[PDB]
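Peer 1: Pasting the sequence and an experimental structure:
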Amino acid sequence: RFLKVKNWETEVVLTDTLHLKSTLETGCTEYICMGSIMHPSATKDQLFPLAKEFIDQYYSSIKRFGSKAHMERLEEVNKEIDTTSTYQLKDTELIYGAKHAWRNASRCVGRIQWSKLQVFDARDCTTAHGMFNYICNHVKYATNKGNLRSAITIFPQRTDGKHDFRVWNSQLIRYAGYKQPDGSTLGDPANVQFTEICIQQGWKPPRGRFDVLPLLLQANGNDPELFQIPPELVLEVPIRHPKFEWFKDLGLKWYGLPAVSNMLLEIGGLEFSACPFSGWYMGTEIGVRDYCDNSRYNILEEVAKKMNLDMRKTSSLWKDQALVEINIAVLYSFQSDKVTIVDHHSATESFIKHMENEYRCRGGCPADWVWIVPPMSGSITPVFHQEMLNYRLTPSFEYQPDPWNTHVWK
Amino acid sequence: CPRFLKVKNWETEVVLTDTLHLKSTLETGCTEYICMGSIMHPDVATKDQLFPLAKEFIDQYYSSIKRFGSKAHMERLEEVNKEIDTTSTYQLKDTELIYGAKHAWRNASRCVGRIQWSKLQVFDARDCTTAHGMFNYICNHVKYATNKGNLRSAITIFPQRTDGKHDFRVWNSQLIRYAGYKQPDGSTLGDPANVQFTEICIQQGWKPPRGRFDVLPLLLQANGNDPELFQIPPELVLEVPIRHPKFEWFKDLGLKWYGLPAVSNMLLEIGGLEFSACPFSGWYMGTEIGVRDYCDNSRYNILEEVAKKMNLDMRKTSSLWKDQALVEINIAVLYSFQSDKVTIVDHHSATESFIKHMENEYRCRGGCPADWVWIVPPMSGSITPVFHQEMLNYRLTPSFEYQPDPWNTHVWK
Ligand code: HEM
Ligand code: HEM
Ligand SMILES: CNCC#Cc1cc(F)cc(CCc2cc(C)cc(N)n2)c1
Ligand SMILES: CNCC#Cc1cc(F)cc(CCc2cc(C)cc(N)n2)c1
Ligand SMILES: C[C@H](O)[C@H](O)[C@H]1CNc2nc(N)[nH]c(=O)c2N1
Ligand SMILES: C[C@H](O)[C@H](O)[C@H]1CNc2nc(N)[nH]c(=O)c2N1
Ligand SMILES: [Zn+2]
């Protein structure tokens, strides 16, 4: 069936047909919906029709379905899944698969940009040193002195599971987290385990509040190897407030490049277990989640302190107030430093416009309301009132297990 | 379909285990291939359909009172069975009616207030025959529930559906709302959400004050007859003028709201019986007024004007001027209600209470259906605990359900 979705602020209805192409499960059933569950729990035979499907839609996107090039490519790929138990994507197929995996990313509010993706082929990589070189170039290229650019670096695909390339850092740039004897936590509490793994691998912690973690890179299934990203490549922003001059006295900085490196890019049944990818920040990512989550940098109490706010009852909304000012400061700081950043108002607008685009040109657009709606001021952004359908289109980015839980050390 | 599903809180690491989902009934609208989790809304029952629905609810009731399989239990089954067989329907005992209503609330995935589910005053209005009588019942409901500002949750249940052509309906989507008036120049006065309903009332004979905050009359339908207009006595409608603990100019905005939130357009289903008129009411979460009623674009849209008197940079959206005004407005709403000692809960306290409720439910009941999209507050989501809480959504019965707007289905006499 065709399926409709309504905006309840504008009463616009859209018709979704694209969902007829999904296959991967959502995690729901008729009886139970798991829309708020963050993670719902190949051979010659399995791989080919997946390969067939992806090739088919590639040659369908470039208006050559059934062409000679297409037919032979199907043969070329079949012959190769026989005699290697896998196959290699053409360069044009790599780029297309990467952009469409971003276009299919239900949880990403930035997808208006999906076709502007710089794709770095690192499938010739063989070592962690190789990986580090590739990642440094990625970082430098995508940072671009504050004028950020979207990029993905794709390393060798999985073969047998034993010989997997992995970036072990969940993201390319993060701040260390230190477990104090006195119970509390220095740095970023979300990372503390990873930070400990780096110390245990030989990293020398400065034990500051904002210590860029080293890269931990695994190439072809071997022990990961530590590498320090050259600091000149790691662009950072001091957070100040345009009215509160005491705000700089808080000591807050964040990095400019958001870059996710723990995910699995899947194209034509092939699995790229290492594919760090980056864009630019929506302010709330930093101002709300990183800084204000109780399990994170947790500064709300501190900020409300300097704002002299009455903090005895919840109903004074002191937490709310402090939150808004923290985010004003983050948006201000990046803007002041000509570092690319988007506010949640602008970003959500863009995504509603992008949805329109996809429904019109593509017949639907899988979106995850839970993730798309910003973590503050929800209903005063336009996607709150926007019904969305969620379904899994492929190529996609998938979660994969943390490497330190599957690795056989040496 | 697995026997034990697990949900995680990502802030606290707490994992909970859900078994109650096994007792799921109707569809969510979701499938293996697609999720309708953010979709707002994804001729009677036969004898054969009603029996297993009745026995289901009846078994459940005698299970709750720890008399499952007892004599009284089998006797009740046999009596209901007989009644459905002969009269094509059946009547609920008062005890069952009351259990059923509290459980429809308990089962309501979109309600963050469910920690109060067992404190519910049920008014049995199934002896009602006329709209005048419906008006009487609803007035008593409002007075009891309002309680001079010390609100109390209540539901009034009117007679169940019979053939389909004799439904009792409150035509008001809620008991107390403000009129909306479309103007010739396309502007709107009052509450822009209620324009359609306001025009219906005016047609039915209402003389509109054409104001910003005009409490609508009730439009009531008894036994499938044409609805009738009644004016709620003003002394029964408790109201709160909005002021700010700091900004003395806030009161100059001329804003106020009513104290009693009371949903009247839903259908209550118990043991396969359909109660098409069952107005129920509790108390407000501050954000319902301060964020949605006051700041939704298609509603009272006061953000711009509030921002103006706050003197905020309104040219750059990255100044977050909207966000700044929103907090202050919800600060004023909460403040105004507390001062007039009218019961209201802030989104922080409510969501925390609900996490404690949900945890208790998992403990004693093996689950607690919840609709994350509705449960998370429309401001400051992530700084409230429910944001980080994985939930599972499924339909347990007894339940509140949506039903068509009656003006779209009514056959005019
Ligand atoms: C270019 C600017 C971009 C913006 C403003 C943006 C915005 C966002 C935000 C705010 C999130 C939520 C992150 C979180 O809550 O952890 C997200 C998620 C995501 N984005 Fe984007 N994004 C951008 C670029 C990209 C790019 C370049 C890719 C891939 C090539 C991408 C793919 C994804 C994926 C797969 C997720 C899901 C992350 C997860 O599941 O943990 N995005 N995006
Ligand atoms: C006692 C205080 C209560 C509080 C604080 C509370 C809170 C809320 C809130 C904030 C919502 C979202 C409303 C919206 O955005 O439209 C809601 C929805 C709902 N509540 Fe409660 N509620 C309370 C009592 C009740 C009672 C007594 C019942 C039924 C017996 C009930 C059943 C429901 C239902 C069925 C919904 C979904 C409404 C819909 O689908 O439009 N609630 N509640
Ligand atoms: C799954 N939740 C835990 C987390 C996390 C996280 C941490 C970081 F240090 C950076 C990002 C970046 C997320 C992101 C990715 C992209 C491509 C763009 C963007 N704006 N944000 C996420
Ligand atoms: C379906 N979405 C549109 C709507 C609406 C609505 C309008 C109103 F004037 C009052 C309430 C109150 C909702 C509610 C019910 C109960 C029982 C408690 C509570 N706090 N809020 C809802
Ligand atoms: C349990 C729930 O799914 C979880 O808290 C989600 C909610 N929405 C989110 N939305 C974004 N953008 N990022 C997140 O990490 C989350 N977390
Ligand atoms: C499309 C989306 O489902 C819709 O805007 C929902 C979002 N969550 C909500 N949550 C509550 N409590 N009330 C609402 O009206 C809505 N609206
Ligand atoms: Zn679902």
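Peer 2: Received, thanks. Numbering: from 1, shown residues only, chains lettered A, B, ... in the order given. Ligands and ions are numbered 1, 2, ... in the order given.
Peer 1: CA only for contacts and neighbour counts going forward, please
Peer 2: OK.
Peer 1: mind exporting stretch A:330-342 as PDB, just the C-alpha atoms?
Peer 2: Presented in PDB, the C-alpha positions along stretch A:330-342 are these (Å, rounded to 0.1, in the frame of the first residue of the first chain):
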ATOM      1  CA  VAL A 330      28.300  27.400  21.900                       C
ATOM      2  CA  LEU A 331      26.600  28.800  18.800                       C
ATOM      3  CA  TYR A 332      28.300  32.100  19.500                       C
ATOM      4  CA  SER A 333      31.800  30.700  19.900                       C
ATOM      5  CA  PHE A 334      31.900  28.600  16.700                       C
ATOM      6  CA  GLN A 335      30.400  31.500  14.700                       C
ATOM      7  CA  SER A 336      32.900  33.900  16.200                       C
ATOM      8  CA  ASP A 337      35.700  31.600  15.100                       C
ATOM      9  CA  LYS A 338      34.300  31.000  11.600                       C
ATOM     10  CA  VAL A 339      33.900  27.400  12.400                       C
ATOM     11  CA  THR A 340      31.000  25.700  10.700                       C
ATOM     12  CA  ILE A 341      28.000  25.000  13.000                       C
ATOM     13  CA  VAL A 342      24.300  24.800  12.700                       C
END
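Peer 1: thought residue A:77 was touching residue A:85?
Peer 2: No. Contact status for residue A:77 versus residue A:85: not in contact, 10.3 Å apart, counting by CA atoms under 8 Å.
Peer 1: How about chain A: which residue is closest to ligand 2?
Peer 2: residue A:379 (10.7 Å; CA to the nearest ligand atom).
Peer 1: Quick one: neighbours of that residue, just the number.
Peer 2: As a burial measure, residue A:379 scores 20 neighbours (other CA atoms under 10 Å in any protein chain shown).
Peer 1: and it, what is it in contact with?
Peer 2: Taking CA atoms under 8 Å, 6 or more residues apart in numbering or on different chains, we find residue A:379 in contact with A:385, B:291, B:292, B:296, B:378, B:379.
Peer 1: If you tally nearby residues, what's the number for the first one?
Peer 2: Spelled out, that is residue A:385. Per other CA under 10 Å, the neighbour tally for residue A:385 reads 21.
Peer 1: Give the helix, strand or coil label for residue A:74.
Peer 2: When classified by DSSP: H, G, I helix; E, B strand; the rest coil, residue A:74 comes out as helix.
Peer 1: isn't it right next to residue A:53, touching?
Peer 2: No. Applying CA under 8 Å as the test, residue A:74 and residue A:53 come out as separate, 10.0 Å apart.
Peer 1: The two - which one has more neighbours?
Peer 2: Set residue A:74 next to residue A:53 and count neighbours by other CA under 10 Å: residue A:74 wins out with 18 against 14.
Peer 1: Without its sequence neighbours, what residue ends up closest to that one?
Peer 2: Excluding the flanking residues, the one nearest residue A:74 by CA to CA, 6 or more residues apart in numbering or on different chains is residue A:52, at 6.7 Å.
Peer 1: And the residue of chain A that's closest to ligand 4?
Peer 2: Nearest to ligand 4 in chain A, going by CA to the nearest ligand atom, is residue A:8, at a distance of 9.8 Å.
Peer 1: and the closest residue to that residue other than its chain neighbours, backbone torsions?
Peer 2: Using CA to CA, 6+ apart and skipping residues adjacent in sequence, the residue nearest residue A:8 is residue A:385, 5.2 Å away. Dihedral pair for residue A:385: phi -100, psi 10, per degrees, to the nearest 10.
Peer 1: Give me the distance between residue A:385 and ligand 3.
Peer 2: 22 Å (CA to the nearest ligand atom, to the nearest Å).
Peer 1: Would you agree that residue is in contact with residue A:11?
Peer 2: No. Contact status for residue A:385 versus residue A:11: not in contact, 9.5 Å apart, counting by CA under 8 Å.
Peer 1: thinking again about what came up before, now do the contacts for the residue of chain A closest to ligand 4.
Peer 2: Counting by CA under 8 Å, 6+ apart, residue A:8 makes contact with A:385, A:386, A:387.
Peer 1: Thank you kindly, that will do.
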